[PDB]
């Protein structure tokens, strides 16, 4: 197999109005159907199992059982984005760490392959401190997502900072820790990835530290951005419709995105499209454009 492409599945916008106990499983079912209809069978997906605005578990025991069968039936590589309250490097991180411990156990329970956590603009020593309090579970790897700020030293969007972080992780013998790369986050953090060569040099530098972070522990969030490079604002957009790759609307194979797609296919990485909008028709309209553009890129 090559790359494993997919999108973020909102419970609201994908679950059938008449679900009762297995709502998350139903949202996946319609999501899988949508891909087969548009001619792009998905191999990956991202969902919420909690929050994301409150540290509360959303899934139900009925949904757990049927979700595992749904994932195995369609051979899906699924991660769960943690709630926005998941910051192990905080003051009262005793509740938070236990809450993440719960999410990790559920992911193993239902066949989800990881949990995405946001990185703070904090020194790497504090990050591993919070990570040290988390006892891991097998089969589930914590993915650390690239943050987005403006006037903070620690951005974790340059390779020098990513290496230094994961070097401390490897020196601490911390198991099952990965990296999630959000193109919009590193772009709103100062890293210009518009042209093929600029994304090339960045990805080449990522490959140069594979001993610290191997591509087996790397996933991608393929997002365009409706903001400026270095602004520090998270405003996702559909591919080639935001300020990163809008200029490459009719030369898509010269864009920094195609260089990312080449990396994803080369290292068989997961790629998630996190874009949310007001309506189901609006979302499936944008998703049809993006995934048909990927279909042409993989043709």
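Numbering follows the first chain given and starts at 1.
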item: Of 27-35 and 262-270, the stretch whose C-alpha atoms average the higher B-factor in the entry; value: 27-35
item: Greater mean Cα temperature factor according to the PDB record, 88-96 or 104-112; value: 88-96
item: Criterion, highest CA B-factor; candidates, 210, 185, 221, 170; value: 170
item: Maximum C-alpha temperature factor, selected from 198, 129, 160, 145; value: 129
item: Chain thirds of CA B-factor: placement of residue 64; value: highest
item: Residue 72 - which third its CA temperature factor falls in, relative to the rest of the chain; value: highest
item: Among modelled residues of the same chain, the CA temperature factor third for residue 118; value: lowest
item: Cα B factor band for residue 248 (lowest, middle or highest third within the chain); value: middle
item: Chain-wide C-alpha B factor ranking for residue 190, given as lowest, middle or highest third; value: middle
